[PDB]
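Residue numbers (the entry's author numbering), protein chains in the order written: chain A, 10 to 231, 240 to 401, 404 to 509; chain A', 10 to 231, 240 to 401, 404 to 509. A prime marks a further copy of an entry chain. Just so it is clear, CB atoms sit at the ideal spot from N, CA and C, and this is done for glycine as well.
2 protein chains.
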Amino acid sequence: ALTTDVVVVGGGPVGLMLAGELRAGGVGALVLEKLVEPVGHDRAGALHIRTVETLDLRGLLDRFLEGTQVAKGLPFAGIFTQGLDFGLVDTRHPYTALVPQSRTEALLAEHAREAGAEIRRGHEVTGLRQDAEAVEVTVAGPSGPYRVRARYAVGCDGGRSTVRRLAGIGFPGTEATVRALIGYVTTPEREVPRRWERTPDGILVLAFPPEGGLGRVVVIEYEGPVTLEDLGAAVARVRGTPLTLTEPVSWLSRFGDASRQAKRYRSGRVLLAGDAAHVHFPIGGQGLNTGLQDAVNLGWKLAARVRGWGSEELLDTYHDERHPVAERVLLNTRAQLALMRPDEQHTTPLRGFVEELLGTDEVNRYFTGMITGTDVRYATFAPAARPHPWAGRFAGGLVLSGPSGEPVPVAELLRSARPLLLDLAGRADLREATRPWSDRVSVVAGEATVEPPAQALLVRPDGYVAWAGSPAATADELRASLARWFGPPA
Amino acid sequence: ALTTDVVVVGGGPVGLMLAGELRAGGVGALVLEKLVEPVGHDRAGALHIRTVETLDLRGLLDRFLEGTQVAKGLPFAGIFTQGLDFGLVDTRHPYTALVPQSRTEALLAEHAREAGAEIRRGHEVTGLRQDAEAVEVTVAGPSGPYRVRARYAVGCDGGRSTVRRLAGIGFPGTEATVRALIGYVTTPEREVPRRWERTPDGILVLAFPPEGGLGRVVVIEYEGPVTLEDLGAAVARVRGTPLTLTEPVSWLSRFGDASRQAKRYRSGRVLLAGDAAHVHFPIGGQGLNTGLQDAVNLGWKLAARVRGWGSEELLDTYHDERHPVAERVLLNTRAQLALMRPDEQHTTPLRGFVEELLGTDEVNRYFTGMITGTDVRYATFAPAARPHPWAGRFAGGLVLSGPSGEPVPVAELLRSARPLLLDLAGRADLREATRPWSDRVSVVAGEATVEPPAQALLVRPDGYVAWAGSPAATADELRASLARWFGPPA
Ligand SMILES: Cc1cc2nc3c(=O)[nH]c(=O)nc-3n(C[C@H](O)[C@H](O)[C@H](O)COP(=O)(O)OP(=O)(O)OC[C@H]3O[C@@H](n4cnc5c(N)ncnc54)[C@H](O)[C@@H]3O)c2cc1C
Ligand SMILES: Cc1cc2nc3c(=O)[nH]c(=O)nc-3n(C[C@H](O)[C@H](O)[C@H](O)COP(=O)(O)OP(=O)(O)OC[C@H]3O[C@@H](n4cnc5c(N)ncnc54)[C@H](O)[C@@H]3O)c2cc1C
Numbered sequence: 010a011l012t013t014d015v016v017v018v019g020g021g022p023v024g025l026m027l028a029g030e031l032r033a034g035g036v037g038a039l040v041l042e043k044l045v046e047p048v049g050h051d052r053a054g055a056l057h058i059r060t061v062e063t064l065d066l067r068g069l070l071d072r073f074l075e076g077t078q079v080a081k082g083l084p085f086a087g088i089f090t091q092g093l094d095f096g097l098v099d100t101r102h103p104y105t106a107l108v109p110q111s112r113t114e115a116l117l118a119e120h121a122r123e124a125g126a127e128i129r130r131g132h133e134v135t136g137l138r139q140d141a142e143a144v145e146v147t148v149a150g151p152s153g154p155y156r157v158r159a160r161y162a163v164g165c166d167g168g169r170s171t172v173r174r175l176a177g178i179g180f181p182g183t184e185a186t187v188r189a190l191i192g193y194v195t196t197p198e199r200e201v202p203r204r205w206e207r208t209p210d211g212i213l214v215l216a217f218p219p220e221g222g223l224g225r226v227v228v229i230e231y240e241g242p243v244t245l246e247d248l249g250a251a252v253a254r255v256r257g258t259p260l261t262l263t264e265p266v267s268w269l270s271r272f273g274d275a276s277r278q279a280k281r282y283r284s285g286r287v288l289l290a291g292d293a294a295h296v297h298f299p300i301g302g303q304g305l306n307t308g309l310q311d312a313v314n315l316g317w318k319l320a321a322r323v324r325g326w327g328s329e330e331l332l333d334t335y336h337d338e339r340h341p342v343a344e345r346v347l348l349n350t351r352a353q354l355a356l357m358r359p360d361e362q363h364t365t366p367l368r369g370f371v372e373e374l375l376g377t378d379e380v381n382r383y384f385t386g387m388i389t390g391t392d393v394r395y396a397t398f399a400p401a404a405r406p407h408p409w410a411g412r413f414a415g416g417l418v419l420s421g422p423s424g425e426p427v428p429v430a431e432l433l434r435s436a437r438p439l440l441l442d443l444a445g446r447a448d449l450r451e452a453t454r455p456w457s458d459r460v461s462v463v464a465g466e467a468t469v470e471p472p473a474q475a476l477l478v479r480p481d482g483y484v485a486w487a488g489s490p491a492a493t494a495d496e497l498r499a500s501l502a503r504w505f506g507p508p509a
Numbered sequence: 010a011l012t013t014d015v016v017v018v019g020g021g022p023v024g025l026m027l028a029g030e031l032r033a034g035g036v037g038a039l040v041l042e043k044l045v046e047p048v049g050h051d052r053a054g055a056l057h058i059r060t061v062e063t064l065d066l067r068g069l070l071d072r073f074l075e076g077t078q079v080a081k082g083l084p085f086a087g088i089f090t091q092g093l094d095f096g097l098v099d100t101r102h103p104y105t106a107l108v109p110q111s112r113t114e115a116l117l118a119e120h121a122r123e124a125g126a127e128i129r130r131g132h133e134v135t136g137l138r139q140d141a142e143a144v145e146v147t148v149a150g151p152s153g154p155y156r157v158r159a160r161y162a163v164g165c166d167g168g169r170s171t172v173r174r175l176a177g178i179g180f181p182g183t184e185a186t187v188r189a190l191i192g193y194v195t196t197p198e199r200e201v202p203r204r205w206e207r208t209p210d211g212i213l214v215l216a217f218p219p220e221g222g223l224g225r226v227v228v229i230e231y240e241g242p243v244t245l246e247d248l249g250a251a252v253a254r255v256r257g258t259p260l261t262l263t264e265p266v267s268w269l270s271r272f273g274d275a276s277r278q279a280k281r282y283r284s285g286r287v288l289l290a291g292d293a294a295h296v297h298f299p300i301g302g303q304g305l306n307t308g309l310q311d312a313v314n315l316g317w318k319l320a321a322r323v324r325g326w327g328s329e330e331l332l333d334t335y336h337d338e339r340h341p342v343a344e345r346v347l348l349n350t351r352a353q354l355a356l357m358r359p360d361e362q363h364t365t366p367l368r369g370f371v372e373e374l375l376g377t378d379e380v381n382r383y384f385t386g387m388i389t390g391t392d393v394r395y396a397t398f399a400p401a404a405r406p407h408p409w410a411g412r413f414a415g416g417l418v419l420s421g422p423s424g425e426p427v428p429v430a431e432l433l434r435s436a437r438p439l440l441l442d443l444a445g446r447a448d449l450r451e452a453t454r455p456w457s458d459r460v461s462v463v464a465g466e467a468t469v470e471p472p473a474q475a476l477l478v479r480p481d482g483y484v485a486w487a488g489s490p491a492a493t494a495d496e497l498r499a500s501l502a503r504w505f506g507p508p509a
């Protein structure tokens, strides 16, 4: 603990989000980032519903939306006529925010710094040891190698995670069989169809202004340096007729569908988040979404463990909750690849039937919820009998009515990163019962009718419901949940 | 017309069904069959809900069920845990009848003969000409070649249809890329897993008694003579470990997924039915079902045309109605092939999600209806405004209450192969209005509440609703439908 409470390995968007969260939880966070200067990415990032809702309860949503384009729908597996309908899901943010990942990275960096996280760029982690008392990290710095001692170390260091490998955590999954190229390059052609198309030999996504010039190319066919020539050639194989790509080249890269996940998100004092914990083909823009939400899930649990009121069991719920979520993201990207397989004989007809189905609200809601994260709910600390219908559900989008009729968004209340007891129906017995926890937990009265009904919601710092009360609920049950979740009464 | 009213080319199950129907319509039917003796097939035929319902209204269902096994469900695209649920569909025959096609062929032959159809075996059709007055067929018979003159010729002569080719009707579609082998052979192995399995290299379906001996093998990998050695080898490639197949061999055959459909089901005095009209991979046992229903659709329309009260327009509704149906069967078999593709990287995960979906009633009902034929309804002779919700729907499964409370299955009423006017709510105005059509159309009073509501149903000889009356319906509307469908009043 000598150097800092928590060392974050990697200053990508996920590490920076995690450091923000740790600071909001009142503990020290040191971010060791390998690069001296951020690289640049695909400039077409997407932040989906549940990520947007999460940013809102952190008070970050506004700056993320400054000068931002949004989308009110999304195609599924390259199917556009019957796309994902954001209106069928319960949310007050029915849109995807189109924010370039580099901007997301800059914003989170600014925030993390403003919150008192120390960021060190050009410090690469080369070694990692842990014992009962603490974690030591070996870093390549200014006078060469030095050691950092901390209570916990979190690897948010990407798919090629150093932390994961050195902690001895397995990364089971498949190897890539799909090869994709993506580039932002200029072109001498006009009225070029800005279409997403399947052909017999692959997938082509051309995005060029009708005048010609800088545009986005993505080509997919069923690591290493990419040239403007490779891109040009691949486009030809897939499209049939060659396309003239020329400089200036703003970006050239490759990626594949290797689908892997850390077997454990936690090993003693070491934990993983983001791509360090899971990799997959970037279909439907789900990767960073998952990672940012990994971080908000872990941040307050980790801060609570450091300060002494979070239990080991609590910290264990990080893996138990987030691992199933990423496992499903991996499966769905792989399934989408099957649906997009370039293949007129069988897959084209199969796509016809899927499209019909997407025209129905129930199935459409099914996939919308899957891609946008709105279907994420947790099953933590259940009885032991059955738990309340609201337990584990997301409450960050609820809006109460205050003493004088004015709205009270639960999102704005959670901005302090403290648990909330929402008293939806009176229940002064409950509010009184929570007082010995007043230092950790906030009590807030407000009228609201939810579905299914609830008289009270004990809400976690990440917007999910830890505990829900029915009329049958006794103050004693709440004291039990308060202890189990948030530690012993003062 | 000199030789017979209608010549049927081919004495497979579809030609024999059609000849039955033509006889029930009171016109002459001559069946020219190439083979001198029926060959043998896969002995695991399946007759699905809508075929079973059709057999019932023909009074054939009983003999088809004599000593017959039935199934109360079916897997979809090799998915068994969440199979097609027959209970979610509206029917009083929620089962598949497992009848070997050879038995179906024998029964229809017996029936066709008992009904006065002449069957000629070992007479192959070699030539076909038509003019305004009639159709001439050239046949290879006892004293060699002879000519048959008829008003209409129907090609029910299989996928390699002579009639289709000689009539100049195109057969657009795909060529086969999937190669399957199927055989009934004995084996020296015991406790052999009677499982349907996907592997990395194909699909294997083993069905052997735990003692060993005669069993069914199907192997699928993504024409010509098959040997016990070919079978044995293919099984090895797909399964990994070789399997000992030995004589006696009861059957050995191959098939593929060539997916083709006649562009026209009718060319003047020549029409097509069954495999002559459509071919596809035999996944989900839909081929003969479609063909038998093609025949019941055409039989009474064709008989009515010959006798003078069926219009050309009516006869045209054969193609208009049945062509869309087979087109969808082709698409769904091709789509199912995509779902079964042996492929762990993408298709396995995709199958997981489809399986979840099949666990929902709505989606399950969707596929059940597709495979069993229960979703078939027609859109014929519509306004011109909107048509009654019951128009085009299948009414063969309705059961009325008679004068004294006793049930009156609509299936038993249709057994005469005459149109029915069902008076569900009184409407003596309607019954009186139908009297000038009494020679073609039967009137039957009986109480029943249907959903959506209907006061009267004008029902076709194949069990589908030609016309439905609301309270607003006038006798004049019915006279109009009666004329358009069933010809001028007497
Ligand atoms: C083409 C493409 C498009 C995508 N589009 C989307 C999208 O639209 N929406 C979405 O949600 N996701 C998208 N993704 C996925 C998304 O980019 C990733 O999930 C995201 O980058 C994960 O962020 P991260 O911080 O976990 O890892 P990274 O961004 O990889 O950051 C890890 C950081 O750790 C540092 N590091 C590594 N090793 C060490 C070390 N030993 N010591 C110190 N530092 C180290 C690296 O320098 C890096 O800065 C896309 C991916 C691709 C390839
Ligand atoms: C392995 C397998 C399993 C199947 N399982 C099912 C199933 O479970 N359920 C289902 O509904 N379908 C199934 N099918 C499909 C089904 O068998 C066919 O759709 C069915 O045989 C079509 O019958 P048909 O009478 O139209 O054609 P056919 O059975 O091919 O009969 C055509 C007849 O025409 C004769 N003929 C051809 N040319 C001439 C000529 N020039 N002159 C005179 N006669 C001629 C032939 O001798 C033949 O008897 C399966 C198919 C296969 C391959």
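Counting the other Cβ atoms within 10 Å of the Cβ of residue 471 of chain A' gives fewer than 16, which makes it exposed.
For residue 369 of chain A', the closest Cβ of chain A is nearer than 8 Å. Cβ proximity to chain A below 9 Å picks out nothing from the stretch 281-300 of chain A'.
Linking residue 115 of chain A' to residue 155 of chain A' through their CA atoms gives a straight-line distance of about 27 Å.
Proximity of residue 363 of chain A to chain A', defined by a Cβ-Cβ separation below 8 Å, is satisfied. Between residue 22 of chain A and residue 78 of chain A, the C-beta spacing is not below 8 Å. Between residue 205 of chain A' and residue 87 of chain A', the C-beta gap is smaller than 8 Å, which places the two residues in contact. Every unbroken stretch of the beta strand (DSSP E) spanning 3 or more residues and falling wholly within the stretch 69-132 of chain A' is given here in chain order: 78-80, 82-85, 88-94, 105-107 and 127-130. Across the stretch 482-496 of chain A', no CB contact with chain A closer than 7 Å is found for any residue.
In this structure, DSSP gives residue 295 of chain A an extended state, which the three-state scheme calls strand.
In this structure, residue 453 of chain A' keeps its C-beta atom at 8 Å or more from the C-beta atom of residue 419 of chain A'. In this structure the stretch 389-396 of chain A does not lie against the stretch 376-384 of chain A', because fewer than three pairs of beta carbons, one per stretch, are closer than 8 Å. Residue 355 of chain A sits close to residue 367 of chain A', with the two beta carbons spaced by under 8 Å.
Nearest in C-alpha terms to residue 456 of chain A, of all of A:411, A:505, A:469 and A:62, is A:505. Residues of the stretch 202-219 of chain A' whose Cβ lies closer than 8 Å to any Cβ of chain A: none. Segment contact: the stretch 210-222 of chain A against the stretch 64-75 of chain A, fewer than three CB-CB distances shorter than 8 Å; contact not assigned. Along the stretch 372-386 of chain A', the positions whose C-beta sits under 8 Å from a C-beta of chain A are 374, 377, 379, 380 and 383, read in chain order.
Residues of chain A with a Cβ closer than 8 Å to the Cβ of residue 189 of chain A' do not exist; the shortest Cβ-Cβ separation is about 14 Å. Within its own chain, the residues whose Cβ lies closer than 6 Å to the Cβ of residue 149 of chain A', once the five positions on either side in sequence are excluded, are 133 and 135, listed in chain order. In this structure, ligand 1 has a non-hydrogen atom nearer than 7 Å to the beta-carbon of residue 44 of chain A. At least 8 Å separates the CB of residue 261 of chain A from every CB of chain A'.
Bounds of any alpha helix (DSSP H) do not take in residue 217 of chain A, whose DSSP letter is neither H nor E. Contact note: residue 341 of chain A' does not reach chain A at a C-beta cutoff of 8 Å; the least C-beta distance is about 14 Å.
DSSP places residue 389 of chain A in the uninterrupted alpha helix (DSSP H) bounded by 378-389. About 14 Å separates the beta carbon of residue 289 of chain A' from that of residue 182 of chain A', a gap too long to meet the 8 Å contact definition.
Sorting A:240, A:491, A:292 and A:436 by C-alpha distance to the C-alpha of residue 65 of chain A places A:436 at the top. Look at residue 307 of chain A: its C-beta is not under 8 Å from any C-beta on chain A'. Beta-bridge partners assigned by DSSP to residue 183 of chain A': A':276. Counting every other CB atom within 10 Å of its CB across the protein chains shown gives residue 169 of chain A a total below 16, marking it as exposed. Within chain A', the residues whose beta carbon sits less than 9 Å from that of residue 183 of chain A are 361 and 362, listed in sequence order. At least one CB of chain A lies nearer than 8 Å to the CB of residue 356 of chain A'.
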